[PDB]
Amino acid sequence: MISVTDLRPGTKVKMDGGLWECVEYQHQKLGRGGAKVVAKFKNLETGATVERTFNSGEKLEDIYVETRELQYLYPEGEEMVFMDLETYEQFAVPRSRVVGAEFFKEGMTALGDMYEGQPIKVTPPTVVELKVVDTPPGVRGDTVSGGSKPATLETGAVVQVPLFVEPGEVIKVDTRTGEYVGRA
């Protein structure tokens, strides 16, 4: 347990059954009034955020979460199998816990957030490089006047790419938005 006044951006805690990370902290006391702590948290598993107000003397359940490098090996049903590059432990991770799962090339390395020895989230670099395996050659866009065309990547994912991108070309993809950001 930790005192709410010890919270700081980055502190990880367990609240209402959820795992969170403090992102904003404010400790305040006005006159003879009791001191308060107002803090914002972002979930470590979902996209939820929450802001809470505590009395300065309250406590929270601090948790330990370690980030380790995991290498994607292969898919298995609705799960993705990774190898921990430090401990060599194999983990079968549900695709829903993997950010930008469709942009994972076998052999790619990502960062896994570990809680109680198991990954609760796996995040690849913001930008990854993937090869275009199928896209209309030349200026064959899907619209008459658009400046882009659909392209199937080596992972099976499909994204819009400029007309000048050709089959076999390696592109850069933002794993957060799932969009083309440039040529490799």
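The first residue of the sequence shown is number 1, and the count goes up from there.
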- request: Averaging only over Cα atoms, indicate whether 124-132 or 65-73 has the higher B-factor in the PDB entry.
  value: 65-73
Stretch with the greater mean C-alpha B-factor as recorded in the entry, comparing 136-144 against 151-159: 136-144
- prompt: Based on the entry's values, in what third of the chain does the Cα temperature factor of residue 81 lie: lowest, middle or highest?
  reply: lowest
Ranked C-alpha temperature factor of residue 101 among modelled chain residues, by third: lowest
- prompt: Among the modelled residues of its chain, does the C-alpha B-factor of residue 19 lie in the lowest, middle or highest third?
  reply: middle
